[PDB]
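Below is one structure, written out as structure tokens, with a few remarks after it.
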Amino acid sequence: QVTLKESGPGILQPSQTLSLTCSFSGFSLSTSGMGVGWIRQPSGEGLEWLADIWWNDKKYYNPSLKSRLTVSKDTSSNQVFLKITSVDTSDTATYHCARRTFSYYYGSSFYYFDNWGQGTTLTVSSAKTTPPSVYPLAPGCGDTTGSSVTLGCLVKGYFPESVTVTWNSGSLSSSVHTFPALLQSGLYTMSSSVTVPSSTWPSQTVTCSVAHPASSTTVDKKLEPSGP
Amino acid sequence: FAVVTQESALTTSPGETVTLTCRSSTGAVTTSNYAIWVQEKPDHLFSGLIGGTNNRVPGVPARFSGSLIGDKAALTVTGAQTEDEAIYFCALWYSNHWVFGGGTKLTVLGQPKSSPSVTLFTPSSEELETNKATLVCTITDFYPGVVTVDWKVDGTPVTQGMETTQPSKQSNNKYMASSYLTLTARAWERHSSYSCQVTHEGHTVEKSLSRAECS
Ligand SMILES: N#Cc1ccc(N/C(=N\CC(=O)O)NC(c2ccccc2)c2ccccc2)cc1
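Chain order of the listed sequences is A and B.
Taking my numbering, the leading residue of the first sequence gets -6, the next gets one more, and so forth.
Taking my numbering, the leading residue of the second sequence gets 24, the next gets one more, and so forth.
Here it is in structure tokens:
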């Protein structure tokens, strides 16, 4: 039952120090061939390896991050640590720790990245908690005609993340497509669209409800037609 | 400091054999680079596949094999299955550090190709009040999950302003994505034609707004 679970702050101000912990189960850094690695996935990007620390205390680092990175193990408590100073905007990503395994088979060496933790997220924003701005996305001209009509809601400029939107149509607010956040400038931005047949709007009342628990504020916006 | 390259996307069908590659910008990939292979499933789910350059991690399906073909490290999946649709990464070792590739979006056709359903929204009056004008262009029900968003104004291209999201999977296992074009209330009122050019499977699906519409 090999398990890995990372722990961190979540949000951070630029310049501050990051402190990640990787608590694990099903193995020990006392035994040979064992070690843990640190990898991060920058939002909208690929993977970027950070550091490796083995049972014999051999540490390996990312060349460009060297001066800011420091990895260390606590075999006693069964956890590994990672400190990253002068954290800035480029450090917002989700951090993962993975079990490193070493095998020396017939002169041949093998190194693996087998078990991975789900991750912990970090947003290095200087911004203070801000409520979301909600704008109704009514259908413009050109294609106002047609079987069904798609409406929407633009949720803008808020911090930190986590916002839930709920649609309320008087018939069939069926096709609801909620889109992921797109952190523009320290504040996020997402969208949600719902689809209803062209005979249930403006007739039936459609309203999108927005919630930002971090700020507790809630917004109800009615979708009204766009005219001349 | 080398650059590791992998294909961006590959499409295959259940029962087929597909090979993905990993190349080093500094020359040939040898056993000394100890190529690794990992798979990324939606919602931050990573699973290790190949170690050494051809050794499998215990527990991994026997259909994943790894080796060196020419100057590159390869990953073959013999008889691809629909649950194999995911993103694959590869890393190489350069004496004292690891460097990951860009990853490959692999699509195993569990249903017929589906074109994108595009919709372009104009700036709301409430937003225009604040001197900002956001354009929201939603794209849904497309498959394979690879698309390309292009914006314009009066027919000429835009090179500053858009931010498209990475395609998410829907319940129907189809993908969706969203792009935004941010302008000022001024730049919006100084042009008449706006379009969202969406490319999927070679073909283009352009949407458009004209500020002279609605009478
Ligand atoms: N991932 C990874 C990785 C880690 C270490 C190595 N190192 C490597 N040699 C050179 C070096 O340490 O600089 N191979 C190592 C090795 C070094 C450190 C930790 C595990 C293995 C080794 C040790 C003992 C017997 C055979 C091989 C190579 C790849």
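Each residue gets a CB set at the ideal place from its N, CA and C atoms; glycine is no exception.
*Note down, in chain order, each residue of its chain lying with its Cβ closer than 6 Å to the Cβ of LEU175 (chain A), except the 5 sequence neighbours on either side.*
The residue you call residue 175 (chain A) lines up with position 182 of the first sequence. The residues are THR182.
*Using 10 angstroms around the beta-carbon of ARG86 (chain B), count the other beta-carbons present and answer buried if the total reaches 16, otherwise exposed.*
Position 63 of the second sequence holds residue 86 (chain B). The residue in question, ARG86 (chain B), is exposed, as its Cβ has fewer than 16 Cβ neighbours within 10 Å.
*DSSP three-state call for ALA207 (chain A): helix, strand or coil?*
Here residue 207 (chain A) corresponds to residue number 214 of the first sequence, with the count starting at 1. Note: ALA207 (chain A) maps to coil in three-state DSSP.
*Classify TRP47 (chain A) as helix, strand or coil using the three-state DSSP reduction.*
Numbered from its first residue, the first sequence carries residue 47 (chain A) at position 54. Here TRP47 (chain A) sits in strand by DSSP.
*Contact check, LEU144 (chain A) vs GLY1 (chain A) under 8 Å by CB: the rounded distance?*
Here residue 144 (chain A) refers to the residue found at position 151 of the first sequence. Here residue 1 (chain A) refers to the residue found at position 8 of the first sequence. In fact, because the Cβ distance is near 38 Å, the residues do not count as touching under 8 Å.
*Starting from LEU151 (chain B), trace the alpha helix (DSSP H) both ways and give me its first and last residue.*
Numbered from 1 along the second sequence, position 128 holds the residue referred to as residue 151 (chain B). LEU151 (chain B): member of the alpha helix (DSSP H) spanning 148 to 151, first to last residue.
*asked:* Cβ closer than 7 Å: which chain A residues qualify as neighbours of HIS67 (chain B)?
replied: Your numbering for residue 67 (chain B) matches position 44 in the second sequence. Residues of chain A whose Cβ lies closer than 7 Å to the Cβ of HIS67 (chain B) are, in chain order, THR87, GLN111 and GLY112.
*Where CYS113 (chain B) and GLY139 (chain A) are concerned, what is the direct C-alpha to C-alpha distance, given to the nearest angstrom?*
Here residue 113 (chain B) is taken as the residue at index 90 of the second sequence, counted from 1. Here residue 139 (chain A) is taken as the residue at index 146 of the first sequence, counted from 1. Going from the Cα of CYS113 (chain B) to the Cα of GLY139 (chain A) covers about 47 Å.
*Could you tell me whether the segment 142 to 149 of chain B touches the segment 114 to 124 of chain B, where touching means 3 or more Cβ pairs closer than 8 Å?*
Result no; under three Cβ-Cβ pairs closer than 8 Å.
*Going along the chain, which residues of the segment 146 to 170 of chain B sit with their C-beta nearer than 7 Å to a C-beta in chain A?*
Hits within the stretch, in order: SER147, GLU149, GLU150, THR157, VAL159, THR161 and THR163.
*Could you spell out the range, first to last residue, of the alpha helix (DSSP H) harbouring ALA210 (chain B)?*
As a first step, residue 210 (chain B) is located in the second sequence; it is residue number 187 there, counting from the start. First-last of the alpha helix (DSSP H) with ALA210 (chain B): 208 to 212.
*asked:* Can you tell me which residues form a DSSP beta bridge with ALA97 (chain B)?
replied: In the second sequence, residue 97 (chain B) corresponds to position 74, counting from 1. B:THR44 and B:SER90, per the DSSP bridge assignment.
_Nearest to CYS15 (chain A) (by Cα), restricted to the options A:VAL29, A:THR193, A:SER25 and A:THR63_ = Sequence index remark: in the first sequence, residue 15 (chain A) carries index 22 (1-based). The option with the nearest alpha carbon to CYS15 (chain A) is A:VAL29.
_Need the endpoints of the beta strand (DSSP E) that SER79 (chain A) sits in, please._
One-based indexing of the first sequence puts residue 79 (chain A) at position 86. For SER79 (chain A), there is no enclosing beta strand (DSSP E), since its DSSP letter is neither H nor E.
*By the criterion of Cβ-Cβ separation under 9 Å, what are the contact partners of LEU232 (chain B) in chain A?*
Position 209 of the second sequence, counted from the first residue, corresponds to residue 232 (chain B). Listed along chain A are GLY133, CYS134 and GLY135, each with a C-beta nearer than 9 Å to that of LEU232 (chain B).
*Along chain A, in chain order, which residues have C-beta atoms closer than 8 Å to that of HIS120 (chain B)?*
In the second sequence, counting from the first residue as 1, residue 120 (chain B) sits at position 97. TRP42, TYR53, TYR54, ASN55 and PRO56, listed in chain order.
*Thinking just about the alpha-carbon of each residue, which of B:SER194, B:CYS45 and B:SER138 is nearest to the one in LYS95 (chain B)?*
Counted from its first residue, the second sequence places residue 95 (chain B) at position 72. It is B:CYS45.
*asked:* Taking 8 Å as the threshold (C-beta atoms), are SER47 (chain B) and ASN56 (chain B) in contact?
replied: Taking the second sequence and counting its residues from 1, the one referred to as residue 56 (chain B) is at position 33. Taking the second sequence and counting its residues from 1, the one referred to as residue 47 (chain B) is at position 24. One thing to note: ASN56 (chain B) has its Cβ within 8 Å of the Cβ of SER47 (chain B).
*Using a C-beta to C-beta distance shorter than 8 Å, which residues of chain A count as neighbours of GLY126 (chain B)?*
Working through the second sequence from its first residue, we reach residue 126 (chain B) at position 103. Ordered by position in chain A, the residues that pass the 8 Å Cβ test against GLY126 (chain B) are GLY39 and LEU40.
*Would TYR128 (chain A) count as contacting chain B if we go by Cβ distances under 8 Å?*
Working through the first sequence from its first residue, we reach residue 128 (chain A) at position 135. For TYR128 (chain A), the answer is yes, since a Cβ of chain B falls inside 8 Å of its Cβ.
*asked:* Counting only Cβ-Cβ distances shorter than 8 Å, please list the residues of the segment 170 to 182 of chain A near chain B, keeping chain order.
replied: Listed by position, the residues of the segment 170 to 182 of chain A near chain B (Cβ gap below 8 Å) are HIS170, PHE172, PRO173, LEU175, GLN177 and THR182.
*Cβ of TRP121 (chain B) versus every heavy atom of ligand 1: is any distance shorter than 7 Å?*
By one-based count along the second sequence, residue 121 (chain B) stands at place 98. Checking the 7 Å criterion, the Cβ of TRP121 (chain B) is within range of a heavy atom belonging to ligand 1.
_Contact test: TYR98 (chain A) Cβ vs ligand 1 heavy atom, cutoff 7 Å_ = Taking the first residue of the first sequence as position 1, residue 98 (chain A) is located at position 105. No, since every heavy atom of ligand 1 falls outside the 7 Å radius drawn around the Cβ of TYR98 (chain A).
*Just mark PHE24 (chain B) as buried or exposed, buried being the case when its beta carbon has 16 or more other beta carbons within 10 Å.*
Against the second sequence, residue 24 (chain B) aligns to sequence position 1. Exposed is the call here.
*Taking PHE69 (chain B) as part of the beta strand (DSSP E), name the residues at either end of that continuous run.*
As a working note, residue 69 (chain B) is residue 46 in the second sequence. Boundaries of the beta strand (DSSP E) around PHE69 (chain B): 68 to 74.
*At a cut-off of 7 Å, is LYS51 (chain A) close to ligand 1 when judged by its beta-carbon and the heavy atoms of the ligand?*
Position 58 of the first sequence, counted from the first residue, corresponds to residue 51 (chain A). Yes.
*Hey, would you say the C-beta of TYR57 (chain B) is under 7 Å away from at least one heavy atom of ligand 1?*
What you label residue 57 (chain B) is simply residue 34 of the second sequence in a count that begins at 1. Yes, the Cβ of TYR57 (chain B) comes within 7 Å of a heavy atom of ligand 1.
*Pull up the distance between the alpha-carbon of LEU58 (chain A) and that of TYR88 (chain A), whole angstroms please.*
One-based indexing of the first sequence puts residue 58 (chain A) at position 65. One-based indexing of the first sequence puts residue 88 (chain A) at position 95. Linking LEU58 (chain A) to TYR88 (chain A) through their CA atoms gives a straight-line distance of about 15 Å.
_For ligand 1, I want to know if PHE152 (chain A) counts as a neighbour, meaning its beta carbon is within less than 7 Å of at least one of the ligand's heavy atoms._
Residue 152 (chain A) sits at position 159 when you count from the first residue of the first sequence. Not one heavy atom of ligand 1 is found less than 7 Å from the C-beta of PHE152 (chain A).
*asked:* Once DSSP output is grouped into helix, strand and coil, what is the label at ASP173 (chain B)?
replied: One-based indexing of the second sequence puts residue 173 (chain B) at position 150. Of the three classes helix, strand and coil, the one that applies to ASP173 (chain B) here is strand, per DSSP.
_Cut-off 7 Å between Cβ atoms - residues of its own chain near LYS214 (chain A), not counting five sequence neighbours on either side_ = Taking the first sequence and counting its residues from 1, the one referred to as residue 214 (chain A) is at position 221. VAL127, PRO129, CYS146, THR200 and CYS201, listed in sequence order.
*Is the Cβ of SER101 (chain A) closer than 8 Å to any Cβ of chain B?*
Locating residue 101 (chain A) in the first sequence gives position 108, where the first residue counts as 1. Chain B, which has a Cβ nearer than 8 Å to the Cβ of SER101 (chain A), makes this yes.
*Three or more C-beta pairs below 8 Å linking the segment 161 to 181 of chain B and the segment 209 to 216 of chain B*: Contact between the segment 161 to 181 of chain B and the segment 209 to 216 of chain B is present, because at least three Cβ pairs lie under 8 Å.
_Is there a C-beta anywhere in chain C that falls below 8 Å from the one on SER31 (chain B)?_
No chain C is present in this structure, whose protein chains are A and B.
*Cα separation between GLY74 (chain B) and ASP107 (chain A)?*
Taking the first residue of the second sequence as 1, we reach residue 74 (chain B) at position 51. Taking the first residue of the first sequence as 1, we reach residue 107 (chain A) at position 114. Rounded to the nearest whole angstrom, the CA to CA distance from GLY74 (chain B) to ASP107 (chain A) is 9 Å.
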